[PDB]
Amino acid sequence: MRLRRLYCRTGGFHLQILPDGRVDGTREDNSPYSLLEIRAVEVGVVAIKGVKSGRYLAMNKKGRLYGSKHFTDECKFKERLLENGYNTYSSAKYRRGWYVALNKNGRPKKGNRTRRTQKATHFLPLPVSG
């Protein structure tokens, strides 16, 4: 059950870390690039690794999500548990309120267009066959 998928509150998507470095949402169940290793690397901070791509979820200085080729400081996300049961993930490196988020088309949002009150930033990590 150690592997997880990250389900968005909106759109019926779960997060995918694709082998070309892109990040998006998919609504398909048999999506190997959506299988994630979510590990706390500091108190309140996680790394999210796409196990099949080998890439870490990352956010660059422009607020854009990508799948990193190795683990860097751009791969750290502050994880907050909301009272509604979902979690938010915000850039630990760029402390500007920049969240992991998917729009209505399943495409990642630019960090400066996100806020913790947006349902697009709300995700549920769920163990796979847990």
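One rule holds for the numbers: they count along the sequence shown, beginning at 1.
Checked against the record, the higher mean CA B factor of 28 to 36 and 43 to 51 lies with 28 to 36. As the entry records it, the average C-alpha temperature factor is higher for 77 to 85, out of 77 to 85 and 52 to 60. Per the deposited record, the Cα B-factor of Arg116 falls in the highest third when ranked against the other modelled residues of its chain. Sorting the modelled residues of the chain by their CA temperature factor places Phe71 in the middle third. Residue-level temperature factors show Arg22 in the middle third of its chain, judged at the C-alpha atom. Among the modelled residues of the chain, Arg9 sits in the middle third by CA temperature factor in this PDB entry.
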